[PDB]
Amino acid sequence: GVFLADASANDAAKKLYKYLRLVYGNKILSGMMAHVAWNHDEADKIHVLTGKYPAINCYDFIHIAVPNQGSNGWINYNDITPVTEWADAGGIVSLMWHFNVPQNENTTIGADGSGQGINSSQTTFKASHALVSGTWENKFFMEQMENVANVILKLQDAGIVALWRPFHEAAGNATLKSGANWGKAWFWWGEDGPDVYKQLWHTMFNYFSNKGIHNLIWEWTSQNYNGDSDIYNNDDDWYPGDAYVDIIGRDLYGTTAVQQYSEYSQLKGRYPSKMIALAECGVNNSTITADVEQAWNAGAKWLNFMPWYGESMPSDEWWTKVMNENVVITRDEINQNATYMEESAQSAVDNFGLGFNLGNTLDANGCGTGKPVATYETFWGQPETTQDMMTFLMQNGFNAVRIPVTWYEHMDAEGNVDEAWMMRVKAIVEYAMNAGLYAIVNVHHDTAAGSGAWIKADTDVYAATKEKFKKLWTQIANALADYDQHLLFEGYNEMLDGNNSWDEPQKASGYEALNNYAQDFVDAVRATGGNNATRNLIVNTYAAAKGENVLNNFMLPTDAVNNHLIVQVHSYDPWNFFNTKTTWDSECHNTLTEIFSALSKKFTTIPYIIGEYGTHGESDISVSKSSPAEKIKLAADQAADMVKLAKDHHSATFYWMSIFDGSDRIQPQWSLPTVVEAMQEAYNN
């Protein structure tokens, strides 16, 4: 399921990337620049001060063109010991290249490093000419590429893999809106424009792979908006492409926690399938750079950070804090053999992003027992689920899928789940895990008002079903036990009392039955151990409702581990608005505002999610492709408000079905592109 930009990456590169995907959004990897080029002297200083090494050490090929390496006294790339020592100690290797060039055609680089430049103010080197065969720019370009490739080949020879960040900060200030002549790139590889820049990237990528380099994870450094979208466009035109990039990086100096959050989220929104990293940071003459944990807590959940050396280096006080922060991975804490990494419930909810319900699929039911698996899955008109569906969601800015499952027709007389059915649930879970999504598996039309429902908030029903319910969840937990923390369990969907009372139970003992089921669900899952000892679990209120009585009578289950429970409610409010409202007016907006207000007041340390929302009202009527334009706009306005309010309250939402429905899933394509558009603009802003 691992597919890097380099389709022929060796097993160690795929292992490193799989590890990065494991920690992404969970913890942040520490890093430090080399003192200039080819060493880990700055990491050594951090170790003496704090007793800990940074996880990553970055090296620079800046001076690869200097002659007499091995006798010039200050740089020798032929000795790979400075890198080999770091990897052998367990550290992660990062590589970059300040691509120095001769100042003109007659200048020869000296053993002292003389005669080099990096932009038009220092050299006549033209990015254009570097690409045409048989030019002094080209022959210098191609044989320094050769020299660095030879060093990387020797690194690969010793089992080294690395992050590779060439051609960084390409756009510079060229994205300035006014066009004033200080709006320019500051590196030669960006001064002839984006299209030549992309071709430089493609040439290096192709040249490296044809030399046999397959140990690199490719990282491209975005300028985003240079800190001011009022003044700059973004640098999307400079993106080399999804087939040539693994990680998007950003370079920030003197930035606060809240500025980091803005940069991270904007980048994440425009590059959904990519991880975002703080490729360079540090202080400047005006301000220091934010504390790593504080910026993380603000939502700047970078893959890694790496300060620059010298005058950009944070103080000793800063490093003392950062290296001792729990969210920060230091070198001793790297475990690329881990298949699971515990994540707090709040952290998971903040990484759900936009969510989607795969409804009317595995929750479909009513054809009887003993039928083929595909007969259940398509019984309500949906196509069979495929990997491309999960891939489409991830590529299009969604990070979480809720997978409703109805179980009663797949359980024999003794409560055992049909193996073919459980295997199908696993395959769809695997689709989502392979895509990099968060996934929720639940127990769905076994609750509520259907004919086959058997889990009910009722004293006598609970007594007759307690063991069946725990036996069901033991089977589910054991069958999905090996999936990592991206998979969550939801104990039950919309539990009602024996009269199917939707707002609240007729008798208060109904709350007691609900709370017991919830406790039994947590107990049965935790009893299986392994990853399930700390997997995040989701507990729903009565009827997934949000009234004051339901919330006041909701009791969170007792858990032996801390911060691994989420509460879920559903919201089609204001009820039946799609049939009765023409526009999403202030009464609609205020209804949602009070819902989130009430929830945030009730749950202070426990995260909650909006597990379903949409236009569905009375008689199952809802929006579709054919709806009038104003009705589709009514759906778009609801979803935009829902997504924005949830973000502001540190929650998450899962759209019920309508945006990705039926034959559209097979295409794959959005059923409602305008609604998805409004959601993305609401979240990503």
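Heads up: residue numbers just count along the shown sequence, starting at 1.
- When the C-alpha B-factors of 335-343 and 178-186 are averaged, 178-186 comes out higher.
- Annotation for 232-240 versus 325-333: the higher mean temperature factor (C-alpha) is found in 232-240.
- The maximum CA B-factor among the listed residues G366, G491, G436, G115, taken from the PDB record, is found at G115.
- When the C-alpha B-factors of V401, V151, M96, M313 are read from the PDB record, the largest value belongs to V151.
- Ranked within its chain, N68 lands in the highest third, by CA B factor from the PDB record.
- Per-chain ranking of the deposited C-alpha B factor places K371 in the lowest third.
- Placement of the Cα temperature factor of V23 within the chain: lowest third of the modelled residues, per the deposited record.
- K631 sits in the middle third of its chain by CA B factor, as recorded in the PDB entry.
- Ranked by C-alpha B-factor against the other modelled residues of its chain, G614 falls in the lowest third.
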